[PDB]
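Trainee: One structure, as structure tokens, below. Some questions next.
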Amino acid sequence: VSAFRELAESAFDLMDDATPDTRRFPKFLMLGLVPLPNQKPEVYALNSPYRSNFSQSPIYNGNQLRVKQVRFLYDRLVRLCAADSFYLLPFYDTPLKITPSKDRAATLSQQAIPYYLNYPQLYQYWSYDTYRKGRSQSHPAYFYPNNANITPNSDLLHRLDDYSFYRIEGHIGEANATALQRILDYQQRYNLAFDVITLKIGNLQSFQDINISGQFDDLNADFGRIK
Amino acid sequence: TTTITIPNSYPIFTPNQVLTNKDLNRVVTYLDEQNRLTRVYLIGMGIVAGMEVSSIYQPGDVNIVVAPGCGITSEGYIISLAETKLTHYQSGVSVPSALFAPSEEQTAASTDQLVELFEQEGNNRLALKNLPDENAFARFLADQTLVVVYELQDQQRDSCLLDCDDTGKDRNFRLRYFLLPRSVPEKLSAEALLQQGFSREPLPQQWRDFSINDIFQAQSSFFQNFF
Amino acid sequence: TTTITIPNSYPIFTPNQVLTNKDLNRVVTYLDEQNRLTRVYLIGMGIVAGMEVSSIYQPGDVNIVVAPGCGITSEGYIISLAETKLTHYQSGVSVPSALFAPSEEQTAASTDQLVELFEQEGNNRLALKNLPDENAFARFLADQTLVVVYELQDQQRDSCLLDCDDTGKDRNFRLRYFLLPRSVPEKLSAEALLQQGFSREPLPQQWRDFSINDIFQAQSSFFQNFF
């Protein structure tokens with residue numbers, strides 16, 4: 001749905017008219033309907049129903065770029081709606097990873113590419129402005145392409161100013177304690193800030209599972225110390 | 001029949017020639033076509049500065065006012081208006097069919113019966129001030145549009161009429177105002193003009209079932225639906 | 001040579017004057033140049049709407065297609081194409097080099113050996129359908145560009161067909177399609193045309209070691225480096 005919207009908000013402003021036709025209204029101009037007596041004339045609308053509205057060649061107002069963005073957006077949608085775009089890998093072949101990104105309010109093109117997608121075919125064609133500069137191989141994502149001199153983990157070593165969301169992937173399907181411990185160690189290696197808790201689905205309590213949730217550590221620390 | 005074609009020939013002069021009409025007419029037509037082709041193929045067509053229409057009814061005043069502005073016809077003629085106040089009218093006026101047709105249009109068409117408006121009184125020009133009542137004026141201005149027509153003519157020179165010479169014609173043009181019905185099944189109406197002007201070429205299959213104003217409104221009423 | 005200047009001189013006519021052919025040539029050149037100067041100095045130069053090029057090889061259809069559009073040359077001439085399909089070829093055609101030179105250049109030049117493409121069958125024009133196989137067609141289209149040339153011809157009008165009066169020339173325009181190699185050290189190629197066109201006046205001292213395509217590509221490859 002997000003991709004859909006990104007398209008329809010853009011194409012709403014496009015005016016191209018690449019090849020005019022001189023036979024449209026060759027020797028006259030039509031004006032709108034005559035309003036009711038003593039009514040105010042319409043002064044906000046751009047396109048009245050039966051008026052001879054203005055149309056231009058795709059040079060002005062920046063259309064020479066929109067004519068392309070809209071295209072590049074429409075084509076992207078067609079790839080998202082394909083048979084093999086929802087494409088997961090067996091959970092024991094996905095090590096943990098944390099990647100910074102922008103929040104859900106941002107345009108879809110500015111977000112990190114989620115890892116349940118078929119990366120080798122969608123890593124091109126994610127964002128147009130990145131495409132222009134030749135930097136599509138470095139967008140924040142879970143995979144990186146082969147035969148490109150990419151330092152493995154450059155995101156979390158260099159200054160972090162324009163990111164606000166930590167997207168965390170690699171945890172689904174594992175055991176509780178393993179996932180929790182790996183997340184904590186990844187916190188420690190690269191100095192990131194957030195809390196972690198775990199919860200159970202059900203209505204009956206189990207044995208010693210309270211030792212996993214993010215309580216009984218203000219106390220367990222002292223027990224371990226004296227132990 | 002087709003869009004205006006770019007000229008590809010114009011007389012070249014050499015000494016010791018006999019001059020004829022065509023060696024001047026072709027260069028005049030060539031240069032005029034160049035100017036109007038510039039205006040329509042690289043800038044655009046239609047109303048540049050707004051021309052809002054209003055209808056005022058008073059006990060002493062019954063008039064139709066059109067605000068100033070400029071605009072380009074679909075063949076490159078410039079129309080420029082300044083505060084036209086229409087007060088008189090003449091009904092049942094016969095208008096040639098070729099007044100709204102392309103300049104290359106060769107065919108056969110009858111005249112039509114239009115209501116003309118005027119700024120000044122005349123022999124058959126009734127004043128709108130003499131309408132029976134305000135409701136008569138309102139029913140008169142109901143479900144109707146304005147059109148401004150730019151008309152060309154050739155006045156014949158005649159030395160018998162105190163002209164300096166003869167055997168020649170002067171081209172001159174003027175403006176005429178018509179009040180046209182919006183939709184009438186068997187007479188000239190705005191819908192008929194739109195159909196004639198725009199439905200010249202076969203449209204994509206999915207659009208075949210739309211009228212011209214429907215094919216125009218489907219794009220502004222988009223977001224009220226399909227959200 | 002030089003850039004086109006603004007014409008400041010155009011004859012004025014007086015009564016009881018003998019007229020010359022140069023006296024009319026001067027005014028026609030004046031008006032033509034002013035229209036051209038408007039188009040070239042106040043709007044710009046180059047391809048306005050797309051003219052993307054494609055090549056099709058099907059067992060029953062082998063051709064090269066160029067999509068509709070319009071554009072302005074560097075000298076204010078409008079070129080307008082629509083669905084051009086090229087199916088026949090003719091190799092070894094002699095073309096004058098003065099065909100690509102500025103109009104103000106008066107020098108004659110030798111001819112080069114180009115390949116021409118045609119839409120229709122001719123006397124010495126081999127069809128593309130008679131190529132041995134797909135690999136021969138692919139070797140035909142390798143490392144080459146298209147160019148569309150707008151040729152000017154002054155043709156002398158016939159003198160005695162019915163009446164022996166003196167006549168003068170006319171000026172016609174033609175469109176030609178040449179398939180040009182990208183880079184050939186001693187023959188005409190796209191890079192040589194770029195060098196002649198742009199390297200007319202010295203560049204800053206820091207750009208002195210670049211070719212013209214290099215000086216263009218250094219700006220799009222700016223962001224892949226220097227980050």
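Ordering of the structure tokens sets the chain letters (A, B, ...); residue numbers start at 1 within each chain; ligands are numbered from 1 in the order shown.
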Could you give me, as a PyMOL selection string, the residues within 12 Å of residue 179 of chain C, counting only C-alpha atoms and dropping anything in the same chain fewer than 5 positions from it?
Mentor: chain C and resi 64+86+89-93+113-118+140-149+188-190
Trainee: List as CSV every residue of chain A that is in contact with chain C, defined as an atom at most 10 Å from one of its atoms (using only C-alpha atoms), together with the nearest atom pair and the distance in Å rounded to one decimal, sorted by chain and then rising number.
Mentor:
residue,atom,partner,partner_atom,distance
A:16,CA,C:49,CA,9.2
A:17,CA,C:49,CA,9.3
A:18,CA,C:49,CA,5.9
A:19,CA,C:69,CA,6.6
A:57,CA,C:48,CA,8.2
A:58,CA,C:49,CA,7.5
A:59,CA,C:48,CA,7.3
A:64,CA,C:48,CA,8.8
A:132,CA,C:220,CA,8.3
A:133,CA,C:223,CA,6.0
A:134,CA,C:224,CA,6.2
A:135,CA,C:224,CA,6.6
Trainee: Write to file, as a short mmCIF file (atom, residue, chain, number, x, y, z; two decimals), in the first residue's frame, the residues of the selection just made, with C-alpha atoms.
Mentor:
data_model
loop_
_atom_site.label_atom_id
_atom_site.label_comp_id
_atom_site.auth_asym_id
_atom_site.auth_seq_id
_atom_site.Cartn_x
_atom_site.Cartn_y
_atom_site.Cartn_z
CA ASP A 16 3.76 16.18 -20.39
CA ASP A 17 1.98 16.61 -23.77
CA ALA A 18 4.96 15.37 -25.78
CA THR A 19 3.23 15.76 -29.18
CA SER A 57 5.58 20.59 -23.40
CA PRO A 58 7.55 18.64 -20.77
CA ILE A 59 10.33 21.14 -20.11
CA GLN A 64 11.53 16.67 -17.54
CA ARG A 132 20.92 8.59 -10.44
CA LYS A 133 24.14 8.84 -8.41
CA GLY A 134 25.18 5.22 -8.91
CA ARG A 135 24.91 4.37 -5.21
#
Trainee: What is the distance between atom CA of residue 182 of chain C and atom CA of residue 96 of chain C, in Å to one decimal?
Mentor: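 For atom CA of residue 182 of chain C relative to atom CA of residue 96 of chain C, the distance reads 19.1 Å.
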Trainee: For chain B, list the residues within 7 Å of chain C, counting only C-alpha atoms, and write the list as a VMD selection string.
Mentor: chain B and resid 8 to 18
Trainee: With C-alpha atoms retained, write the just-selected residues as a short mmCIF file (atom, residue, chain, number, x, y, z; two decimals), in the first residue's frame.
Mentor:
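Saved result, part-v5.cif, follows:
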data_model
loop_
_atom_site.label_atom_id
_atom_site.label_comp_id
_atom_site.auth_asym_id
_atom_site.auth_seq_id
_atom_site.Cartn_x
_atom_site.Cartn_y
_atom_site.Cartn_z
CA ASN B 8 9.94 22.64 -46.18
CA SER B 9 10.14 25.08 -49.10
CA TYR B 10 10.23 28.80 -49.83
CA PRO B 11 11.18 30.81 -52.96
CA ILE B 12 14.77 31.94 -53.54
CA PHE B 13 15.32 34.97 -55.77
CA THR B 14 17.91 35.52 -58.53
CA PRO B 15 18.44 38.57 -60.76
CA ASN B 16 16.48 39.00 -63.99
CA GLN B 17 13.21 37.30 -62.95
CA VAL B 18 9.54 37.80 -63.67
#
Trainee: Which of these residues is nearest to residue 63 of chain A, using only C-alpha atoms: A:187, A:47, A:111, A:10?
Mentor: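 Of A:187, A:47, A:111, A:10, the one nearest residue 63 of chain A is A:10, counting only C-alpha atoms.
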Trainee: Using DSSP secondary structure from the backbone, list all alpha helix (DSSP H) positions within segment 3-226 of chain B, as a ChimeraX atom specification.
Mentor: /B:22-42,134-140,190-198,212-217
Trainee: Name all residues at most 8 Å from residue 98 of chain C (count only C-alpha atoms; drop same-chain ones fewer than 3 positions away) and give them as a list in words.
Mentor: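 Using only C-alpha atoms, the neighbours found are residues 101, 102, 107, 108 and 109 of chain C.
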Trainee: Could you write out, as number ranges by chain, all the residues of segment 62-151 of chain A that DSSP marks as strand (DSSP E)?
Mentor: A: 97-101
Trainee: Write out as an mmCIF file with N, CA, C and O atoms, in the first residue's frame each polymer residue whose atoms come within 12 Å of residue 139 of chain B, counting only C-alpha atoms; drop sequence neighbours fewer than 6 positions from it.
Mentor:
data_model
loop_
_atom_site.group_PDB
_atom_site.id
_atom_site.type_symbol
_atom_site.label_atom_id
_atom_site.label_comp_id
_atom_site.auth_asym_id
_atom_site.auth_seq_id
_atom_site.Cartn_x
_atom_site.Cartn_y
_atom_site.Cartn_z
ATOM 1 N N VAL A 34 -21.692 29.907 -17.310
ATOM 2 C CA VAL A 34 -22.071 31.195 -16.737
ATOM 3 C C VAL A 34 -22.712 30.939 -15.380
ATOM 4 O O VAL A 34 -23.723 30.227 -15.298
ATOM 5 N N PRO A 35 -22.174 31.495 -14.301
ATOM 6 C CA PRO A 35 -22.693 31.181 -12.970
ATOM 7 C C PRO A 35 -24.044 31.835 -12.729
ATOM 8 O O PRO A 35 -24.544 32.630 -13.525
ATOM 9 N N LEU A 36 -24.638 31.475 -11.597
ATOM 10 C CA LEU A 36 -25.910 32.050 -11.203
ATOM 11 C C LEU A 36 -25.744 33.546 -10.935
ATOM 12 O O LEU A 36 -24.671 33.992 -10.522
ATOM 13 N N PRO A 37 -26.782 34.344 -11.186
ATOM 14 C CA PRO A 37 -26.661 35.796 -10.997
ATOM 15 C C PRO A 37 -26.216 36.173 -9.592
ATOM 16 O O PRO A 37 -26.663 35.593 -8.601
ATOM 17 N N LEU B 131 -35.628 42.355 -19.996
ATOM 18 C CA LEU B 131 -36.177 41.052 -19.661
ATOM 19 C C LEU B 131 -37.315 41.215 -18.654
ATOM 20 O O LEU B 131 -37.298 42.137 -17.832
ATOM 21 N N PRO B 132 -38.327 40.345 -18.714
ATOM 22 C CA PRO B 132 -39.501 40.519 -17.839
ATOM 23 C C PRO B 132 -39.174 40.592 -16.358
ATOM 24 O O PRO B 132 -39.682 41.481 -15.664
ATOM 25 N N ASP B 133 -38.331 39.698 -15.853
ATOM 26 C CA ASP B 133 -38.076 39.638 -14.421
ATOM 27 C C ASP B 133 -36.748 38.926 -14.196
ATOM 28 O O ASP B 133 -36.183 38.320 -15.108
#
Trainee: Do a neighbour search on residue 137 of chain A at 8 Å with only C-alpha atoms, toss out local chain neighbours closer than 6 positions, and write the hits as a PyMOL selection string.
Mentor: chain A and resi 123-124+144-145
Trainee: Only N, CA and C atoms, please: the residues just picked out, written as a short mmCIF file (atom, residue, chain, number, x, y, z; two decimals), in the first residue's frame.
Mentor:
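What ended up in part_35.cif:
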data_model
loop_
_atom_site.label_atom_id
_atom_site.label_comp_id
_atom_site.auth_asym_id
_atom_site.auth_seq_id
_atom_site.Cartn_x
_atom_site.Cartn_y
_atom_site.Cartn_z
N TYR A 123 17.20 -4.89 -5.37
CA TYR A 123 18.14 -3.92 -4.83
C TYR A 123 18.42 -2.81 -5.82
N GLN A 124 18.46 -3.13 -7.10
CA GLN A 124 18.17 -2.14 -8.12
C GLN A 124 16.71 -1.76 -8.00
N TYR A 144 24.53 -7.71 0.90
CA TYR A 144 25.26 -6.81 0.02
C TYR A 144 25.75 -7.55 -1.23
N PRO A 145 25.90 -6.86 -2.35
CA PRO A 145 26.20 -7.55 -3.61
C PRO A 145 27.65 -7.99 -3.70
#
Trainee: From the options C:136, C:160, C:45, C:193, which residue's atoms come nearest to residue 99 of chain C, counting only C-alpha atoms?
Mentor: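 Selected residue with least distance to residue 99 of chain C: C:193.
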Trainee: So how far away is atom CA of residue 53 of chain B from atom CA of residue 67 of chain B, in Å?
Mentor: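 That distance, rounded to one decimal, is 6.7 Å.
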Trainee: Please determine, counting only C-alpha atoms, which residue among A:220, A:153, A:110, A:176 has the shortest atom-to-atom distance to residue 139 of chain A.
Mentor: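 Among the listed residues, the smallest separation from residue 139 of chain A belongs to A:110.
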Trainee: One decimal, in Å: what's the spacing between atom CA of residue 121 of chain A and atom CA of residue 80 of chain A?
Mentor: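 Computed distance, atom CA of residue 121 of chain A to atom CA of residue 80 of chain A, equals 10.1 Å.
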